[PDB]
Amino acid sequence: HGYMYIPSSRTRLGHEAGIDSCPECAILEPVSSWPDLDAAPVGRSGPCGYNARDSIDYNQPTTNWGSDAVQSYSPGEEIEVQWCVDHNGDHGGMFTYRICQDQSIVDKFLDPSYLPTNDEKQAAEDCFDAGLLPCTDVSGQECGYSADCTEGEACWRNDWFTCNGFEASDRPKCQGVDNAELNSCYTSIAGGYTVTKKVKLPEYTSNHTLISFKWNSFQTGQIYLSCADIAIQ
């Protein structure tokens, strides 16, 4: 259980607007989330998530999210990105952030009159995959391998970020990354912990595009997707 927190995602905004009672509940399951991190099709979840708790499809705007960029950045800017993990839902695993550089695809997610189809959700997800923002693009950022993966496996890569191991760390799982205090970010079920990294934005401009967060669970066959409306100018 978790969702993207900074920049403020559609999911965060949905919660803050009083629509989403459980922002961390937006889950793609059952899927094979491990060890091949892109194997699972995203279905109705799409790159922005679908929350079955309150039946919210975040792949289109509403009066409460998706109309405007929440934050504007510069081409090639190194930025903080943060997600929120629920205290009772720290499944470990790997996570990443992505920007689709095909505006015509992204535009289908920026119209409150229009709900992308499953085909369009998967087309966008593929575009997002191609626009992954690697951990290793940030000078000085230590980009480790997962303690739940071995060399040569499909999960053995440090373009994606990893949570800590469970048994193999004194700071276990995703919460151990920041080792933050409980309620450092909002979750409804048992209180949240921040999970914080940096990414380097592409040299790609848009007045309104998306950054899609994807977390592939290790302990469970589940993926958590959110997206944030941003500008790069």
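A residue's number is simply how far along the shown sequence it sits, counting from 1. For clarity, a rigid core is taken as the largest C-alpha set superposing within 1.5 Å between two forms.
> Using RMS Cα distance over all structures and residues, flag whichever of 186 to 194 and 166 to 174 lies farther from this form in 7 other deposited structures of this protein after a core fit.
This comes out as 166 to 174, the stretch further from the shown form in 7 other deposited structures of this protein.
> Taking the mean of the C-alpha B-factors per stretch from the entry, tell me the winner out of 161 to 169 and 39 to 47.
Looking at the recorded C-alpha B-factors, 161 to 169 comes out higher on average.
> Test of understanding: from the entry's C-alpha B-factors, which stretch has the higher mean, 189 to 197 or 60 to 68?
Averaged over C-alpha atoms, the B-factors run higher in 60 to 68.
> Please pick out which of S113, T96, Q82, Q101 has the largest Cα B-factor as recorded in the entry.
Highest CA B-factor of the listed options: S113.
> Comparing against every modelled residue in the chain, figure out the third that the C-alpha B-factor of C135 lands in (lowest, middle or highest).
It belongs to the lowest third of the chain when residues are ordered by C-alpha B-factor.
> Determine, from the deposited record, the chain-internal third of the Cα B-factor for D107: lowest, middle or highest.
Lowest third.
> Give the position of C155 by CA B-factor within its chain, expressed as the lowest, middle or highest third.
Middle third.
> Comparing against every modelled residue in the chain, figure out the third that the C-alpha B-factor of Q233 lands in (lowest, middle or highest).
Ranked within chain, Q233 CA B lands in the highest tercile.
> Would you mind checking where the Cα B-factor of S33 ranks among the modelled residues of its chain, as the lowest, middle or highest third?
Lowest third, going by the recorded CA B-factors of the chain.
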